[PDB]
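Here's a solo chain for you in structure tokens, the form deposited in one PDB entry.
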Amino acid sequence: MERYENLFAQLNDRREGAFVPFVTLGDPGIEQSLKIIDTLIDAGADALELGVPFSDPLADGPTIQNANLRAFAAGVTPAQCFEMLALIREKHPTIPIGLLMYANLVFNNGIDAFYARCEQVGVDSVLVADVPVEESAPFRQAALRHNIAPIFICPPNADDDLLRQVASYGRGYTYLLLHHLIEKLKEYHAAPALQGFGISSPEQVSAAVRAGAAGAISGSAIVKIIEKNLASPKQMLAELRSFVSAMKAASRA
């Protein structure tokens, strides 16, 4: 499918930034997770980034480490995550859904088979957190064979060779983390750039779009809100909706 391309075209036509929240699937449990995700969408999330709990998330800070622990404590498995993904897509046909994966979960039962299951359930992209461009060939190839966008991180220590590879290899969007980066990505016809570096305030969304990015990914702020409201299922969904609305309003200007 072309969910990301259709999204960016709609946002370009509305002079609008994307806002994309991250959550860990099954945090703090499957049903609460499904309701959390529905609230994010209803509150105006343009796309979703969804983590599958992994035993050793070496690229995650403390916020998301504990999100994984909450999920494992609820018995969440990759297979259960794929059931959730099919239900989410069955409810929400157009919203782009990206996964944030660790390499072992993709490689475990065969790389091709992983991206085939992604395609089956209606995922749009996969970011493998511990696969740099240098090691990415079998992942990218399998992704593209199954109509999944492979997402790459363009870090703040990126050089020109890296910018060209990310531009050439990525699809859907480029996960950013400067004017130089953004314009150079554009020069190399890279997937639209989403700023993902410590996005926690409405103003950071408006700064990202102003910088020339196609929008912003809030990589941990949502999980923080879950964390702070575990005993209040009601407030949780309430603060989630209020946050996403504010971030998304910031992307219209």
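Under this definition, the rigid core comprises the largest set of C-alpha atoms superposing within 1.5 Å between the forms. A residue's number is simply how far along the shown sequence it sits, counting from 1.
The same protein also exists as the form deposited in another entry; that form is not shown, yet it is the one meant from here on.
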Residue showing a 2 Å-or-more C-alpha displacement between the shown form and the other one once the rigid core is overlaid, selected from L100, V106, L85, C154: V106
Threshold 2 Å Cα movement between the shown form and the other one for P57, core superposed: yes
Shift in CA distance, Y115 and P57, in the other form relative to the form shown here, given it is 3 Å or more: farther
Pairwise C-alpha change, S55 versus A216, in the other form against this form - closer or farther, 3 angstroms or more: closer
